[PDB]
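Student: Before anything else, here's the structure in question.
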Amino acid sequence: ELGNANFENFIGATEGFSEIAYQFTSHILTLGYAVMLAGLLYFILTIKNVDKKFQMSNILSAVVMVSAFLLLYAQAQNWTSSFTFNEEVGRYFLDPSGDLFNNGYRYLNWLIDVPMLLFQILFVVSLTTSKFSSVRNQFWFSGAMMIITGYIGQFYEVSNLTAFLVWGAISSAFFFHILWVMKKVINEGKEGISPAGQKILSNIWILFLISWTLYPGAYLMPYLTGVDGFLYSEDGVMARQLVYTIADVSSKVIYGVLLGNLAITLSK
Amino acid sequence: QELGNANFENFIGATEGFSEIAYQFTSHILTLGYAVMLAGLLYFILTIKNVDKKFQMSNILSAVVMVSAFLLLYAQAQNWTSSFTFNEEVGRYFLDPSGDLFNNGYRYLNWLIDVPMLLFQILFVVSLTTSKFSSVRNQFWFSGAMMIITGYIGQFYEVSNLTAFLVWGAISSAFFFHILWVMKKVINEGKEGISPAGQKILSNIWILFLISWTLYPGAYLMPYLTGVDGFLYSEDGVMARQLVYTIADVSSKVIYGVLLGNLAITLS
Amino acid sequence: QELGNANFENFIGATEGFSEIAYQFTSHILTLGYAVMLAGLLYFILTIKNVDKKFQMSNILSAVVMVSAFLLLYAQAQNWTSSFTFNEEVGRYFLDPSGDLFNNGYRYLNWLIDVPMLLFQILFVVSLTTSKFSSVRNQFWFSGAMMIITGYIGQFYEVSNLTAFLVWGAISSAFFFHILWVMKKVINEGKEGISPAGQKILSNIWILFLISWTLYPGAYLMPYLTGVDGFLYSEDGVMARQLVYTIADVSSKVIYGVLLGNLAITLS
Amino acid sequence: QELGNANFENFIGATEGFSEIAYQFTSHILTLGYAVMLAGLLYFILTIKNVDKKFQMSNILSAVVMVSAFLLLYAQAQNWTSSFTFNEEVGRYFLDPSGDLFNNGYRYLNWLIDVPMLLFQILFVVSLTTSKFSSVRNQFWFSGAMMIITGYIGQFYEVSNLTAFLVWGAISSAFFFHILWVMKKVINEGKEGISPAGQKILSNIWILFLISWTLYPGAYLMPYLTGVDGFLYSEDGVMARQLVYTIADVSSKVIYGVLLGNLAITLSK
Amino acid sequence: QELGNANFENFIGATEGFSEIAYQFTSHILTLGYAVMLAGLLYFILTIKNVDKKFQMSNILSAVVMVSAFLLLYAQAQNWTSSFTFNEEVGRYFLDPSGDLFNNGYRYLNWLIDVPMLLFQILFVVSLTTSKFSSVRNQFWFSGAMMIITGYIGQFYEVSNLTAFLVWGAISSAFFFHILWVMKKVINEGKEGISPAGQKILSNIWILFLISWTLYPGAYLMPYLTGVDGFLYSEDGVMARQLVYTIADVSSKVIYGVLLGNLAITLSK
Ligand SMILES: *C/C=C(C)/C=C/C=C(C)/C=C/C1=C(C)CCCC1(C)C
Ligand SMILES: *C/C=C(C)/C=C/C=C(C)/C=C/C1=C(C)CCCC1(C)C
Ligand SMILES: *C/C=C(C)/C=C/C=C(C)/C=C/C1=C(C)CCCC1(C)C
Ligand SMILES: *C/C=C(C)/C=C/C=C(C)/C=C/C1=C(C)CCCC1(C)C
Ligand SMILES: CCCCCCCCCCCCCCCCCCCC
Ligand code: NA
Ligand code: NA
Ligand code: NA
Ligand code: NA
Ligand code: NA
C-alpha cells in the first residue's frame, strides 16, 4: 500500500533495480550536485569580470547554485537511503526505513530557481517596449502557479492518473505564458546591441527553450511509452533522473555562463 | 502510549500517522526553508558594498540572521525525517521514538538570535527623531526576550495542558503588542525627513513586518484554530503549521533584509 | 549498571531518565550555542576593516575562538541526542550506551584554545603601563592551562569520588584567582591615558569578564549546589548546567569580543 | 550469491574478503586523495593574484576541478567504508550489501567535469598559432565526452562480460588517442614564441599529461593485468587499482594545475 | 577474535577494554586536534597581508597543511568513537568491529602532504648561502617520502611481528636523521645576513622542529617504551600515544607556521 507515491517506489518495490540502474541514478545525482557547487565557485570568482550594472546577474546565478547543490545533495542521499541490496536476487528493492523516494523536493525548490533564473536576464538585457516591473511580475506569478500546480500533480502520477494529467495541463498553461514573455524579452534585448550580443541572445533563447521543455518531459517520463510500456520500468527511472540532471545543468550553469558572456560583451 | 509534554505532531503521528503527501510536503517545505536561508546569506554578503558604509551594518546583521536561520532549519529538517518512519502494512508514517520526539522549540530558542538582530538592524538605516536609540534598542530586546521565552514555555503544553498553553500564549502576546507599538513608532519617526521613495519603502516594510510577525502566533495556535477535534487537528494541521512557519521565516528575514537594503540604497 | 568515573547526567539518565521538557531543552540550548558561535564567527570576520590595523588582531583572535567554540558545541549537541533515547512505555529518555556516555570534558580541553586566546586578545587593544607584555602573556597562559587541566581531571570524579572532585576544583580555583588578579591589573593599566568612553567600555568588560568566567565553576559545582540528594541532583540540574554553560559561552566569547571591538573603534 | 554487473572489488570482498592491510590502505589512500583535492582548492584560490589577469581563468578552472574531485573522492571514501564490514571469526572484511555495492562509476561521470575543464584551461595560458581556439576546444570536449561515456559503460561488465568490457575499452581508447593527438598539437603550437623556460615547462607538462592520463586505462584493466586467476585478481589488485587512481588524480589535476600556474607566472609581466 | 596486522589499540580494546576516562580523553584530544587545525587555517588565511608579498607563499603553504590536518583529525576522531562501544555489564568500552578496526595509518599517508610542505615553506623565508635551493628541496622531499612510507609499512606489524616493526622503524629513522641534518644546515644558512632578532627566531624554530618531529617516533614506539608487557602496553599507553600525536601535530604545524610568520614579519620592510 504505497498510496500517493512516485512511480520510482513502485518499480523498486515490485521489480527492484539492477546494479546498473541504481548505481547510475546515484552517479547522475552526485554529478548534478558536484556541478552545482563548482558553478557556485565559478560565479563567485568571476564577479569583477563584468561591469557593475551586470554583477547582479552573477550574484543571482550564485544564489541559484546554492539552492540546487543543497537539493541535489539531499535528493542524492535520499535515493541511496530508499533502496537497498537483496543478496538473494542481486537487486535493490525499496527500503521503507529510508522513506519513499519523492521528486517533490525539486518542485518546491524551483520556487527559488524559476523566479531568479527569469529575473537575472533583466539585469543584462535592455527593454524597448515592455516595463521591467510588468515583465518581472508576470514571470514570478506564472512561475509560481506552474510550479505549485505541477507539484500537486506529481503526487498522483500512479494513484490518480486523471489528476496527474489535469494538473499537468493547468501547469503547461502558465508554462506557455512564461515562454511567450521570455521570447518578448529576448527580442527586445536584441535591439541596439552588436551582432555578437545578438548571437549570444539567440543561443540563450534556444538553450532556454530546450532545457526548460525538458522538465515536463521528466514529469511524463514513466508514461511516454504508454501504460505498461518500455519506459514504465527501471529504464524510465534512469531516464527521468538523467533528463533532470541534463536540464538542471543546462538551465542553470550554462544559462548563467552565457548571460555572463553577454554581460562581458556589453561591458565597456 | 505515554508521550508527556510533547507537540501535537507527535500525537497525530502516533495515533493516525501521516500520509505520503503530508510527510513529504513537510520535509520539502523545511528543506526549502533552509535552502532559502543559505542563498540569502550569500546575497547579503555579496551585496555589502552596494550601500554607504554607515548602512553596511544592516547587511552584516542580515547575514548573521541568515546563518542562525539556516542552521536551525537544517537541524529541524533532519529532526522531522528522523521522528517518523514508514509503516508498510498500512502505508503511513508513524512516530519513531528512536529518532526522538518532534519539537518546535528549536525555532523558539533560536529566535533569541533572530528577533533582537532583526529589530536592531532597522536602527542602522532610519534616523530616530524624538525617540532615543538606546531606549528603542533596550525595549526591543527585553520585550523580544520575554515574548520568546514565554511562548517557548507555553508550546510544551499544547496538548498536555491547554490552560497553561493559552495563559503563556497571552502573556507572550502582551510583549508582542509592545514590540508592534515600538516598531510603529520607529517607522513613523524614520519616515520624517526622508525622500518619498524611502517613505514608500518604509510603508512596505511596516506592512510586511505586521503580517509576517503576526503569522507566528498563528502557527502557535494552528492545531486549535478549528476547535477541539476540529479539521486542523490532523496531518493537515501539521502541514499548515510548517507551511506558515516557512512563509513567515522567508518574509520576516530574507524579504525584510532585502527591503532594508533597498531603503539603504535610496538613502545613499 | 556500573558507570564508573562518569558525569552525573549519565546517572540521572540511567536511573530516572529525562522528561520531554528536560531533554528537548538541553538539545535546544546546545543548538542555540553553536548557532551563536557560527554567527559570531561571521560577524567578527565581516567587521575586521572597522578598526585600525593595530587592533585587527583582536578580531582575528575572536574569529579563532569562534571556530573552536562552534565545532565543540556542534559535537556536544550531537552527543547529547545520541546518548539518551526515548522509552515509550514510560515516555522518558534514558541512557543509551551504544551512543557513548555523556561527558562535558570536551569543553575543558577545548578551553585550551579559548582561555589563552581570549586572555591574549585584550593585549592587542589596551596599552600596559608598568606591566610587561610578555610577563602578562606568560602568566595568563600558564595559569589558564593549569586551571583547565586540574578542573578537567576533577570533573571525571564528580560522582565516583567527591573528594578528588572538590580537591581538584580548589586547585583550579587558585589559578582562577591568579588569572582574575592579572586581568584586574591589565584593565586598570589599560584605562590609563584613554578617553572616558573607552574607560566605561573597559569597566563593562571587567564586569562581564568577572561574571561570565565565574559562571564556569558554577556549572562545575551545579549538581551539588543544593547538597547531596538535593533538588539540583536531578534533570533540573542537567538543564541548569547546560543553560549556565551556554550563557557563559555567549557572554565570555561573543559579547566579550564585541565589547573589545567597540573599544578598538573608540581608540581608533 | 548473485552480484550481476558489479565491479570486481565486490566479488573479491564477497568470496575471499579483505585483510586489515588491504582495507585500511584503500581507505587511507582515498582519504589522502580527497584531502589533497581540498588543499589544492585552497592553493589555487589563494594564488589567483600571482599571475596577469588574462591567465587567472586557468586558476579558476583548476579550482573548479578541485571542487568536483574533492566531492567525488569524499563520497567514494565513504562508499568504501560502507561496503565492507569486519568479520571477527576469520579477521577479514567482507562485502556488506546493506551499504550498497562498491562501484568506481562515481569517478567516471565526474570526469565529465574534470576532463573538459582540464583540457580547456591550458587554452588560457598558451597561444595557438595555426589552429583555431574553438575548433581545438570542441574537439577536446567531444572526444573526452565519448571516451568517458564509453569507458563508463564498459566498466560495469569488468566481471560479468569480459567481451563488452574489452570492446568498450577499445572504443574509449580510440577517443583517448585522438585527445592525445590534439594535445600534442596544442603543446607544439604553444611552445612557439615564448621563452625557453616556458618551453621547458611545457615539455614537463606534456610528459606529465601523457603519463598521468595513461594511468587511467591502467586502473581500468588492473584486475586482469596478470591474466585470469592471476596475482592482481586479489585484494592486491584492489589496492593497486585505488593507488593508481589516487596517483593519477593527484598528478593529472593538482600538479598539472601547479605547472600551468608556473608557466603563467613566467609569461606574466 | 583474531585481529591480524592491526594496531595495538584494537588488542587492548578487544581484551581489557577502555575505561570511561581513557575513552573520553582520547576522543577529547582528537577533537581538540581538529579544532586547533581549523582555527589555525582561519588564522593563516586572515594574516596573509601582514608580510611582504615574497613571504606570503609561506602563509599559503601553512593553510594547505591546516586543511589536510583538519580533515584527517576529523576522520580519525570519528573513527575512534566508531570502533569502541560501551558494555553496560562491566562499564568499559570494548572493540566494536562493525565500526572497523582502529588504525593510525590515516595520519601516515596524510603526512605525504604535511611533511614536504612543512619542509618546503621555510625555503620561502630564509635565504640559502652555500646550499642550492633545488638540492635542499629534492633531498627534503625524497627523504620525507621514504621515511613516511617505511614507517607506514612498519606500523601495521606493531603487534603481529615486532621484528619487522623495528626493522622498518630503523630504516625510517635513517631518513629522519638525514632530514634533521639538512634542516640544521638550512637554519644555519638562513641565520646568515639577517638581524639578531631573526636569528633568535630561527634558533627557536630549530629547537621546536627538533623536539616536535622527534615526538613522532616516540608515538611510534609508545606501547613498548616500558618493555614487553610493560605499563605502556595498556589503555594508559593508548592515551599517551594519542596525546603525543596531538602535541606533536600542534607544535610542528601551527606553532611552526606562527614562528615562520614572525620571522617573515621581522624580515619585512
Ligand atoms: C525570524 C523569526 C521571527 C521574526 C519570529 C517572531 C516571533 C514572534 C512574533 C513570536 C510570537 C509569539 C506570540 C505572539 C504568541 C505565541 C507565542 C509566540 C512565541 C509564537
Ligand atoms: C570560553 C570558555 C571560557 C572563558 C572558560 C573559562 C573557564 C573557567 C573560568 C574555568 C573554571 C574552573 C574553575 C575555577 C573551578 C572548577 C574547574 C573549572 C576548570 C571549571
Ligand atoms: C581527473 C581525471 C582525469 C584526468 C581522467 C582521465 C580519464 C581517462 C584518460 C580515461 C581513460 C579511459 C580509457 C583510455 C580506456 C578505458 C576507459 C577509460 C574511461 C578509463
Ligand atoms: C604534521 C606531521 C609531521 C611533521 C610528521 C612528521 C613525521 C615524522 C617525523 C616521522 C617519523 C618516523 C620515524 C622517525 C621513525 C618511525 C616511523 C615514523 C614514520 C613515525
Ligand atoms: C615564550 C613562551 C612562554 C610560554 C609561557 C608559559 C606557557 C606554557 C605553559 C604550559 C603549561 C603546561 C602545563 C602542563 C603540565 C602537566 C600537567 C600535569 C597535571 C598537573
Ligand atoms: Na542503498
Ligand atoms: Na523517516
Ligand atoms: Na536521542
Ligand atoms: Na566498514
Ligand atoms: Na562509541
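With ideal geometry, Cβ positions are generated from the backbone for all residues, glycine too; neighbour counts draw on all protein chains shown. Bear in mind these aren't lab numbers, they're just calculated from the coordinates by the rules spelled out.
Student: Tell me the mean residue ellipticity at 222 nm calculated for chain D from its helices only (DSSP H runs of n ≥ 4, each -39500 (n - 2.57), averaged over every residue, nearest 500). Provide the component values of the computation, followed by the final result.
Tutor: Details: 9 runs with 189 residues, N = 269.
When only DSSP H runs of four or more count, the value is -24500 deg cm²/dmol.
Student: With label points built 7 Å along Cα→Cβ from the Cα atoms of A:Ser159 and D:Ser134, find their separation and express it in nm.
Tutor: 5.1
Student: So if I take the centroid of the Cα atoms in the stretch B:90-127 and the same for the stretch C:67-135, what is the distance between those two points in Å?
Tutor: Cα centres, the stretch B:90-127 to the stretch C:67-135: 23 Å.
Student: Which is farthest toward the positive dipole end of the protein assembly as shown among D:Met57, A:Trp167, E:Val51, measuring Cα position about the Cα centre, with Cβ charges +1 (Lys, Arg) and -1 (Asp, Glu)?
Tutor: The Cα lying farthest towards the positive end belongs to E:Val51.
Student: With springs connecting C-alpha atoms under 10 Å apart, model chain D as a Gaussian network and identify which of D:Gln24, D:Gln76, D:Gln56 has the largest mean-square fluctuation.
Tutor: Looking only at D:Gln24, D:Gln76, D:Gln56, the biggest GNM fluctuation is shown by D:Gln24.
Student: So what are the ³J(HN,Hα) numbers for the stretch E:235-242, from phi and the Karplus equation (6.51, -1.76, 1.60; θ = phi - 60°), rounded to whole Hz, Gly and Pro as x?
Tutor: Result, ordered by residue: 5, 4, x, 5, 4, 4, 5, 5 Hz.
Student: Relative contact order for chain D: what is it in percent, counting Cα pairs under 8 Å that are at least 6 residues apart? If you can, show how the numbers build up before the last one.
Tutor: On the way: 356 pairs, mean separation 69.6, N = 269.
Computed value for chain D: 26 percent relative contact order.
Student: Further question: Report the FRET efficiency, 1/(1 + (r/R0)^6), for D:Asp229 and D:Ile207, where r is their Cβ-Cβ distance and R0 is 35 Å, rounded to 0.05. Walk me through the numbers on the way to the answer.
Tutor: Details: r = 36 Å, r/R0 = 1.02.
Computed FRET efficiency for D:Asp229 and D:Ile207 comes out at 0.45.
Student: Related question: Shielding by partners for E:113-124, please: the mean number of other protein chain Cβ atoms within 10 Å of each residue's Cβ.
Tutor: Values: counts 4, 2, 0, 0, 2, 0, 0, 0, 0, 0, 0, 0.
Average per residue, whole number: 1.
Student: Moving on. Could the peptides B:125-132, D:37-44 be put in order, highest first, of the mean number of other beta-carbon atoms found within 10 Å of their residues? Could the numbers behind the result be given before it?
Tutor: On the way: B:125-132: 14.8, D:37-44: 22.9.
Going by the mean number of other Cβ atoms within 10 Å, highest first, we get D:37-44, B:125-132.
Student: Next question, about the same structure. Per-residue counts of other Cβ atoms within 10 Å, averaged by peptide: what ranking do you get for D:227-240, E:243-256, highest first? Working shown, then result.
Tutor: Details: D:227-240: 16.1, E:243-256: 19.4.
Going from most to least packed, we get E:243-256, D:227-240.
Student: Given the options A:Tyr42, A:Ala68, A:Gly16, identify the residue whose Cα lies farthest towards the positive end of the charge dipole of the stretch A:14-98 (+1 on Cβ of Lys, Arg; -1 on Cβ of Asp, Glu).
Tutor: Looking along the dipole axis, the top candidate is A:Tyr42.
Student: Going by amide H atoms built from the backbone, whose H comes under 5 Å of the H on D:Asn87, apart from near neighbours?
Tutor: D:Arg92, D:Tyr93, D:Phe94
Student: Looking at this model, which pairs from A:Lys53/D:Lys54; D:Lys269/E:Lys132; A:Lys53/B:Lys253; C:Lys53/D:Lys54; B:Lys54/B:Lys132; C:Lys49/D:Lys53 are more than 29 angstrom apart at the alpha-carbon?
Tutor: Working: A:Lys53/D:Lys54 22 Å; D:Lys269/E:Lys132 26 Å; A:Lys53/B:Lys253 26 Å; C:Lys53/D:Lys54 32 Å; B:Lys54/B:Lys132 18 Å; C:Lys49/D:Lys53 26 Å.
Too far apart for the 29 Å limit: C:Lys53/D:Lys54.
Student: Under a point spin-label approximation (7 Å from Cα along Cα-to-Cβ), what is the C:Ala164-A:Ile193 distance to one decimal in nm?
Tutor: Spacing of the two 7 Å Cα→Cβ label points: 7.4 nm.
Student: Place +1 on the Cβ of every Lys and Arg and -1 on the Cβ of every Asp and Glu in chain C, take the dipole about the Cα centre, and give the residue among C:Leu3, C:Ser68, C:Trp206 whose Cα lies farthest towards its positive end.
Tutor: C:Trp206
Student: Work out the FRET efficiency for C:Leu210 and C:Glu89 from their Cβ-Cβ distance, taking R0 = 51 Å, and round it to the nearest 0.05.
Tutor: 0.60
Student: Given +1 on the Cβ of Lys and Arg, -1 on the Cβ of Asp and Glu, and no further charges, what dipole in debye does the protein assembly as shown carry about its Cα centre, rounded to the nearest 20?
Tutor: Details: 68 positive and 85 negative charges, 1822 e Å.
For this selection, approximately 8740 debye.
Student: Same structure, new question: Going by a ≥ b ≥ c, the root eigenvalues of the Cα gyration tensor, does the stretch C:115-188 fall in the rounded group (a/c under 1.5), the prolate group (a/b larger than b/c) or the oblate group? Can you show the working numbers first?
Tutor: Values: a/c = 3.65, a/b = 2.85, b/c = 1.28.
In terms of gyration-tensor shape, prolate.
Student: Using only atoms on other chains, find how many Cβ atoms lie within 10 Å of each Cβ of peptide E:19-26 and report the average. Numbers along the way, then the final one.
Tutor: Values: counts 4, 11, 9, 1, 3, 12, 6, 0.
Across the residues of E:19-26, the mean count of other-chain Cβ atoms within 10 Å is 6.
Student: For the stretch D:91-183, calculate the relative contact order in percent as a whole number, restricting contacts to Cα pairs under 8 Å that are 6 or more residues apart.
Tutor: On the way: 66 pairs, mean separation 26.5, N = 93.
About 28 percent, as a whole number.
Student: Taking Cα centroids, how far is the stretch A:140-215 from the stretch A:8-79 in Å?
Tutor: 20
Student: For the protein assembly as shown, what does the alpha-carbon gyration tensor say about shape, rounded, prolate or oblate, given a ≥ b ≥ c as the root eigenvalues, a/c under 1.5 as rounded, and a/b over b/c as prolate?
Tutor: Since a/c stays below 1.5, the shape of the protein assembly as shown is classed as rounded.
Student: Using a simple charge model, +1 on the beta-carbon of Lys and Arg, -1 on the beta-carbon of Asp and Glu, nothing else, what dipole does the stretch A:75-213 show about its Cα centre, in debye to the nearest 20? Display every interim value, and only then the final one.
Tutor: On the way: 8 positive and 8 negative charges, 166 e Å.
Result for the stretch A:75-213 is approximately 800 debye, rounded to the nearest 20.
Student: If I take every Cα pair under 8 Å that is 6 or more residues apart in chain C, average their sequence separation and divide by the length, what percent do I get for the relative contact order? Can you show the working numbers first?
Tutor: On the way: 360 pairs, mean separation 68.4, N = 268.
26 percent.
Student: Next question. If you stretched the chain out fully between D:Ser160 and D:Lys49, how much longer would it get, using 0.36 nm times the residue separation minus the C-alpha to C-alpha distance? Before the final figure, lay out the partial values.
Tutor: Numbers: separation 111, 0.36 × 111 = 39.96 nm, distance 5.09 nm.
Result: 34.9 nm gained on full extension.
Student: Same structure, new question: Rounded, prolate or oblate: pick one for chain A, where a ≥ b ≥ c are the square roots of the eigenvalues of its C-alpha gyration tensor, a/c under 1.5 means rounded, and failing that, prolate if a/b is larger than b/c, else oblate.
Tutor: Working: a/c = 2.60, a/b = 1.79, b/c = 1.46.
It comes out prolate by the Cα gyration axes.
Student: Short version: ³J(HN,Hα) in whole Hz for each residue of the stretch A:175-181, in order, from phi by Karplus 6.51 cos²θ - 1.76 cosθ + 1.60 (θ = phi - 60°), x for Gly and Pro, what are they?
Tutor: Working through the residues one at a time gives 4, 4, 4, 4, 4, 4, 5 Hz.
Student: Whole Å is fine, so just give me how far the alpha carbon centre of the stretch D:210-269 lies from that of the stretch B:1-66.
Tutor: 44
Student: Per-residue mean of other chain beta-carbon atoms within 10 angstrom of the beta-carbon, peptide C:150-156? List each step's numbers first, then the result.
Tutor: Numbers: counts 0, 0, 2, 2, 0, 0, 5.
Counting other chains' Cβ atoms within 10 Å and averaging over C:150-156 gives 1.
Student: Between A:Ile210 and C:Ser134, what FRET efficiency follows from the Cβ-Cβ distance if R0 is 51 Å, with the result rounded to 0.05? Don't jump to the answer; show the numbers that get you there.
Tutor: Working: r = 69 Å, r/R0 = 1.34.
It comes out at approximately 0.15.
Student: Here's another thing I want to ask about it. Which residues does a label at B:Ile265 reach in the stretch B:185-213, if reach means a backbone N under 17 Å from a point 7 Å past the Cα toward the Cβ?
Tutor: What the label zone holds, given the 17 Å backbone N cut-off, is B:195-205.
Student: Work out the length of the dipole vector of chain B about its Cα centre, built from +1 on the beta-carbon of each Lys and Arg and -1 on the beta-carbon of each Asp and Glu, and round it to the nearest 20 debye. It would help to have the intermediate numbers written out before the result.
Tutor: Values: 13 positive and 17 negative charges, 354 e Å.
Value, rounded to 20: 1700 debye.
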